[PDB]
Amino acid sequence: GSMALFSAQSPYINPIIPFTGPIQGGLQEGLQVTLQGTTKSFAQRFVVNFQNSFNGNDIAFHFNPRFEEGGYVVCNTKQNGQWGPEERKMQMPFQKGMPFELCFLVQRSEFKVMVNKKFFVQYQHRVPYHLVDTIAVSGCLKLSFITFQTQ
């Protein structure tokens, strides 16, 4: 790519869905988390959660494509079990049955999300990202890998 990238932790290979695993040392500025997978052919929704601990009460960034109402993606945060105000991007960048690359880049003030190498959405941090130590992936997809790389 246009930036030299270094591994920040060993890749997850063929992680089985639903997948939950550590983000070693927490999210950090300049970290890129890339998921390579396939949207199921009759997909309804899928979810990628960046969260603090295992119970899901505190999700810093929930990324939720919904193959509903013409296709849209919900971004939100959960705090102490409570969902905040949704940010809906009224566009579906995934296609049922098709491979995708999904990249989350941690910047100081926001996440940047790229889908198939193209910027899709930004999401301002609502909570401290460094407390996110867990990624959780679920729903109508499969994954071939999850990589963790830094500039």
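The first residue of the shown sequence is 1; numbering continues from there.
- Per-stretch averaging of Cα B factors for 139 to 147 and 10 to 18 places 10 to 18 on top.
- Higher average CA B factor: 36 to 44, of the stretches 122 to 130 and 36 to 44.
- The PDB entry assigns the greatest CA B-factor among 82, 51, 95, 91 to 95.
- Comparing C-alpha B-factors across 108, 62, 112, 66 in the deposited entry, the largest value falls on 108.
- In this PDB entry, the Cα temperature factor of residue 86 sits in the bottom third of its chain's modelled residues, the lowest group.
- Residue 29 sits in the highest third of its chain by CA B factor, as recorded in the PDB entry.
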